[PDB]
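Trainee: Sharing a structure with you now.
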Amino acid sequence: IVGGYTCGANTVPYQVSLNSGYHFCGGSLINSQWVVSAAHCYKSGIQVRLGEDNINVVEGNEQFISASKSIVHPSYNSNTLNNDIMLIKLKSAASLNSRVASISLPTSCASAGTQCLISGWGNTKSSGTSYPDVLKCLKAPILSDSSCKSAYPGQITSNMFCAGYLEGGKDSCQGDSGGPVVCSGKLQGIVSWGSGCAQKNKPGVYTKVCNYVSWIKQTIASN
Ligand SMILES: O[C@@H]1[C@@H](O)[C@@H](O)OC[C@H]1O
Ligand SMILES: O[C@@H]1[C@@H](O)[C@H](O)OC[C@H]1O
Ligand SMILES: [Ca+2]
């Protein structure tokens, strides 16, 4: 997160860190046994880390649970990042409490102009590199489809939306991938891609979760 603020320990209780020896992506807890993330975050050997603030210090609210199964969206295209979503099932159910909690799936899509909360442990510099240890937050609006398409000609699908600031300086970034965009208490986006970070006229591009609720639900019901 570039241009954001320190969330505060466990104030984003659905935020998960995906760990393969080190933090490499975010995700979102959607019930006691399932995490949603970006398909481009797929790898083997994932441990899901819940209840994290400082990802380099054991502070007392963590739950570390290995993945038992990963399901990349059937139509994920890694070249275009269309359908950049995946589901991860935990080997055991997380213990849900105030600091570790699921986030509701949307019942409708969010409109341009809605303010959302984006969070992650990604890079905090736009020309440079500094990875934070504690969770960073950014409040950002969804941008219009037309400004999104004009920013990224030929690249925005119906499964993507832009959010952030065309002036630059505030964005998600490398290492935030897979994490949440939450708008009015609903998971509307997954951190997916962008040109650099926090660059002028290059806002963040997000997986449009509302398109995937039926696939998420039926997948969960049968796995
Ligand atoms: O976003 C672009 C994608 O849609 C494709 O065209 O490959 C190149 C990327 O930069
Ligand atoms: O009990 C585990 C503990 O050892 C670790 O520190 O945090 C995750 C828990 O699952
Ligand atoms: Ca920790």
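Here's how to read the names in the structure tokens: chain A, B, ... by the order shown, residue numbers from 1 in each chain, ligand numbers from 1 in the order shown.
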Write out as a short mmCIF file (atom, residue, chain, number, x, y, z; two decimals) with N, CA, C and O atoms, in the first residue's frame each polymer residue whose atoms come within 8 Å of residue 27 (chain A), counting only C-alpha atoms; drop sequence neighbours fewer than 2 positions from it.
Mentor:
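Saved result, out_14.cif, follows:
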data_model
loop_
_atom_site.label_atom_id
_atom_site.label_comp_id
_atom_site.auth_asym_id
_atom_site.auth_seq_id
_atom_site.Cartn_x
_atom_site.Cartn_y
_atom_site.Cartn_z
N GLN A 15 -8.50 -9.97 7.00
CA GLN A 15 -7.26 -9.92 6.23
C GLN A 15 -6.37 -11.09 6.59
O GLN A 15 -6.06 -11.31 7.77
N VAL A 16 -5.94 -11.85 5.58
CA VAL A 16 -5.03 -12.97 5.78
C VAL A 16 -3.74 -12.69 5.02
O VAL A 16 -3.72 -12.02 3.99
N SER A 17 -2.64 -13.25 5.55
CA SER A 17 -1.35 -13.28 4.89
C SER A 17 -1.12 -14.70 4.40
O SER A 17 -1.28 -15.65 5.18
N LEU A 18 -0.81 -14.86 3.12
CA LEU A 18 -0.40 -16.14 2.59
C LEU A 18 1.11 -16.27 2.71
O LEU A 18 1.85 -15.39 2.24
N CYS A 25 1.45 -12.93 -0.48
CA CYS A 25 0.20 -12.38 -0.99
C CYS A 25 -0.76 -12.22 0.18
O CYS A 25 -0.57 -12.81 1.25
N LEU A 29 -10.61 -13.90 4.41
CA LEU A 29 -11.38 -14.98 5.03
C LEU A 29 -12.87 -14.79 4.76
O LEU A 29 -13.43 -13.76 5.14
N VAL A 35 -10.63 -19.16 2.15
CA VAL A 35 -10.00 -17.88 1.88
C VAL A 35 -10.10 -17.62 0.39
O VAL A 35 -9.92 -18.55 -0.41
N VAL A 36 -10.42 -16.38 0.02
CA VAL A 36 -10.40 -15.97 -1.39
C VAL A 36 -9.17 -15.11 -1.62
O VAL A 36 -8.83 -14.25 -0.79
N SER A 37 -8.50 -15.32 -2.75
CA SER A 37 -7.29 -14.57 -3.09
C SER A 37 -7.23 -14.39 -4.60
O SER A 37 -8.22 -14.65 -5.31
N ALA A 38 -6.08 -13.95 -5.11
CA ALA A 38 -5.86 -13.82 -6.54
C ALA A 38 -5.27 -15.11 -7.10
O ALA A 38 -4.37 -15.71 -6.50
N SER A 177 -1.17 -8.11 -3.53
CA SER A 177 -1.97 -8.94 -4.41
C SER A 177 -2.72 -10.01 -3.65
O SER A 177 -2.19 -10.63 -2.72
N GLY A 178 -3.97 -10.24 -4.06
CA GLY A 178 -4.81 -11.23 -3.42
C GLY A 178 -5.65 -10.70 -2.28
O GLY A 178 -6.59 -11.39 -1.85
N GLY A 179 -5.33 -9.50 -1.75
CA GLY A 179 -5.99 -9.00 -0.58
C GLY A 179 -7.29 -8.30 -0.91
O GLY A 179 -7.69 -8.20 -2.06
N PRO A 180 -7.94 -7.78 0.13
CA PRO A 180 -9.31 -7.27 0.01
C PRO A 180 -9.45 -5.83 -0.46
O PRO A 180 -8.64 -4.96 -0.16
N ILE A 190 -10.58 -7.91 -5.25
CA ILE A 190 -9.32 -8.58 -4.94
C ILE A 190 -8.22 -7.77 -5.62
O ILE A 190 -8.33 -7.44 -6.80
#
Trainee: List all protein, DNA and RNA residues that have at least one atom no more than 12 Å from any atom of ligand 1, counting only C-alpha atoms and all ligand atoms, and write them as a list in words.
Mentor: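 Residues satisfying the distance criterion: residues 77, 78, 79, 80, 81, 82, 149, 151, 152, 153, 154, 155, 156, 157, 160, 192, 193, 194, 195, 196, 202, 204 and 205 of chain A.
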Trainee: Using only C-alpha atoms and all ligand atoms, what does the table of chain A residues within 10 Å of ligand 2 look like, with each row giving the shortest atom pair and its distance in Å to one decimal, sorted by chain and ascending number, as a tab-separated table?
Mentor:
residue	atom	partner	partner_atom_place_in_ligand_line	distance
A:48	CA	ligand 2	8 (C)	9.6
A:49	CA	ligand 2	8 (C)	7.4
A:50	CA	ligand 2	8 (C)	7.9
A:51	CA	ligand 2	7 (O)	8.6
A:52	CA	ligand 2	7 (O)	9.1
A:57	CA	ligand 2	6 (O)	9.2
A:58	CA	ligand 2	6 (O)	5.8
A:59	CA	ligand 2	6 (O)	8.1
A:60	CA	ligand 2	6 (O)	7.0
A:61	CA	ligand 2	7 (O)	7.1
A:62	CA	ligand 2	7 (O)	4.4
A:63	CA	ligand 2	8 (C)	3.7
A:64	CA	ligand 2	8 (C)	4.0
A:65	CA	ligand 2	10 (O)	6.2
A:66	CA	ligand 2	10 (O)	9.4
A:94	CA	ligand 2	10 (O)	9.0
A:95	CA	ligand 2	10 (O)	9.9
Trainee: Could those selected residues go to a file with C-alpha atoms, as a PDB file, in the first residue's frame?
Mentor:
ATOM      1  CA  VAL A  48      -2.629 -19.229   5.741  1.00  0.00           C
ATOM      2  CA  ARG A  49      -1.843 -16.755   8.510  1.00  0.00           C
ATOM      3  CA  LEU A  50      -4.862 -15.245  10.250  1.00  0.00           C
ATOM      4  CA  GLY A  51      -4.959 -12.701  13.032  1.00  0.00           C
ATOM      5  CA  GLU A  52      -1.758 -11.021  11.826  1.00  0.00           C
ATOM      6  CA  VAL A  57       6.577 -10.918  15.317  1.00  0.00           C
ATOM      7  CA  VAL A  58       4.336 -13.384  17.146  1.00  0.00           C
ATOM      8  CA  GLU A  59       1.999 -10.980  18.966  1.00  0.00           C
ATOM      9  CA  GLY A  60      -0.622 -13.377  20.326  1.00  0.00           C
ATOM     10  CA  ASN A  61      -3.657 -13.424  17.998  1.00  0.00           C
ATOM     11  CA  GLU A  62      -2.263 -15.446  15.084  1.00  0.00           C
ATOM     12  CA  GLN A  63      -3.749 -18.632  13.680  1.00  0.00           C
ATOM     13  CA  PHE A  64      -1.459 -20.492  11.257  1.00  0.00           C
ATOM     14  CA  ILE A  65      -3.374 -23.111   9.219  1.00  0.00           C
ATOM     15  CA  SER A  66      -2.085 -24.981   6.169  1.00  0.00           C
ATOM     16  CA  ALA A  94     -10.273 -21.125  11.940  1.00  0.00           C
ATOM     17  CA  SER A  95     -11.539 -20.092  15.374  1.00  0.00           C
TER      18      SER A  95
END
Trainee: Go through A:10, A:123, A:129, A:199 one by one, measure the shortest atom-to-atom distance of each to ligand 3 using only C-alpha atoms and all ligand atoms, and give the residue with the smallest value.
Mentor: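 The answer is A:10, which sits nearest to ligand 3.
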Trainee: Which is closest to residue 168 (chain A) among A:40, A:125, A:136, A:186, if we use only C-alpha atoms?
Mentor: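 Under the stated criterion, the closest residue is A:125.
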Trainee: Name the residues of region 92-211 of chain A that fall into helix (DSSP H, G or I) according to DSSP on the backbone, using the chain letters and numbers of this document, as a list in words.
Mentor: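 Written out, the helix (DSSP H, G or I) residues of region 92-211 of chain A are residues 145, 146, 147, 148, 149, 150, 151, 209, 210 and 211 of chain A.
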Trainee: For the selection you just gave me, I'd like the residues written to a file as an mmCIF file, in the first residue's frame, keeping N, CA, C and O atoms.
Mentor:
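So part-v4.cif came out as:
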data_model
loop_
_atom_site.group_PDB
_atom_site.id
_atom_site.type_symbol
_atom_site.label_atom_id
_atom_site.label_comp_id
_atom_site.auth_asym_id
_atom_site.auth_seq_id
_atom_site.Cartn_x
_atom_site.Cartn_y
_atom_site.Cartn_z
ATOM 1 N N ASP A 145 -16.105 2.947 -15.059
ATOM 2 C CA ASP A 145 -15.659 1.995 -16.071
ATOM 3 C C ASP A 145 -14.956 2.707 -17.216
ATOM 4 O O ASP A 145 -13.977 2.188 -17.762
ATOM 5 N N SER A 146 -15.418 3.906 -17.566
ATOM 6 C CA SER A 146 -14.863 4.605 -18.719
ATOM 7 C C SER A 146 -13.486 5.171 -18.399
ATOM 8 O O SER A 146 -12.568 5.083 -19.225
ATOM 9 N N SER A 147 -13.302 5.725 -17.196
ATOM 10 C CA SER A 147 -11.964 6.196 -16.849
ATOM 11 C C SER A 147 -11.013 5.017 -16.658
ATOM 12 O O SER A 147 -9.819 5.117 -16.974
ATOM 13 N N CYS A 148 -11.535 3.880 -16.189
ATOM 14 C CA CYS A 148 -10.725 2.671 -16.063
ATOM 15 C C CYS A 148 -10.242 2.199 -17.436
ATOM 16 O O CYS A 148 -9.044 1.944 -17.645
ATOM 17 N N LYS A 149 -11.163 2.095 -18.392
ATOM 18 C CA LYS A 149 -10.803 1.657 -19.735
ATOM 19 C C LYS A 149 -9.897 2.660 -20.435
ATOM 20 O O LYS A 149 -8.982 2.269 -21.171
ATOM 21 N N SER A 150 -10.123 3.954 -20.220
ATOM 22 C CA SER A 150 -9.253 4.959 -20.825
ATOM 23 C C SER A 150 -7.854 4.946 -20.212
ATOM 24 O O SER A 150 -6.882 5.319 -20.881
ATOM 25 N N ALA A 151 -7.721 4.502 -18.959
ATOM 26 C CA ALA A 151 -6.401 4.408 -18.343
ATOM 27 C C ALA A 151 -5.617 3.213 -18.870
ATOM 28 O O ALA A 151 -4.385 3.270 -18.964
ATOM 29 N N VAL A 209 -15.486 -9.039 -7.574
ATOM 30 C CA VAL A 209 -15.917 -10.239 -6.847
ATOM 31 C C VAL A 209 -17.396 -10.541 -7.072
ATOM 32 O O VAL A 209 -17.808 -11.701 -7.027
ATOM 33 N N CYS A 210 -18.228 -9.522 -7.306
ATOM 34 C CA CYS A 210 -19.658 -9.799 -7.409
ATOM 35 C C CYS A 210 -19.960 -10.762 -8.553
ATOM 36 O O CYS A 210 -20.924 -11.526 -8.479
ATOM 37 N N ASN A 211 -19.135 -10.766 -9.600
ATOM 38 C CA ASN A 211 -19.321 -11.697 -10.711
ATOM 39 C C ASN A 211 -19.075 -13.141 -10.314
ATOM 40 O O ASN A 211 -19.431 -14.047 -11.079
#
Trainee: Residues of region 42-221 of chain A in strand (DSSP E) according to DSSP, as a ChimeraX atom specification?
Mentor: /A:47-50,63-72,86-90,115-120,136-141,160-163,180-183,186-193,204-208
Trainee: Take CA of residue 69 (chain A) and CA of residue 22 (chain A) and report the distance between them in Å, one decimal.
Mentor: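 It comes out at 19.5 Å.
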Trainee: Counting only C-alpha atoms, which residue out of A:32, A:203, A:189, A:39 sits closest to residue 76 (chain A)?
Mentor: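 The closest residue to residue 76 (chain A) is A:39.
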Trainee: So that I can see what lies close to residue 91 (chain A), please list as a PyMOL selection string the residues with an atom at most 8 Å from it, counting only C-alpha atoms and leaving out residues fewer than 2 positions away in the same chain.
Mentor: chain A and resi 33+65-68+89+93
Trainee: What is the distance between CA of residue 84 (chain A) and CA of residue 106 (chain A), in Å to one decimal?
Mentor: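 We find that CA of residue 84 (chain A) and CA of residue 106 (chain A) lie 17.1 Å from each other.
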Trainee: Report, in Å with one decimal, the straight-line distance from CA of residue 131 (chain A) to CA of residue 119 (chain A).
Mentor: 13.2 Å
Trainee: Which polymer residues have any atom within 6 Å of an atom of residue 176 (chain A), counting only C-alpha atoms, with same-chain residues fewer than 4 positions away left out, as a PyMOL selection string?
Mentor: chain A and resi 25-26+120-122
Trainee: Go through A:187, A:133, A:128, A:182 and flag the residue nearest residue 2 (chain A), using only C-alpha atoms for the distances.
Mentor: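 The shortest atom-to-atom distance to residue 2 (chain A) comes from A:128.
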Trainee: From the list A:19, A:54, A:6, A:110, which residue is nearest ligand 3 when using only C-alpha atoms and all ligand atoms?
Mentor: A:54
Trainee: Go through A:135, A:88, A:46, A:198 one by one, measure the shortest atom-to-atom distance of each to residue 11 (chain A) using only C-alpha atoms, and give the residue with the smallest value.
Mentor: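 Of all the options, A:135 lies closest to residue 11 (chain A).
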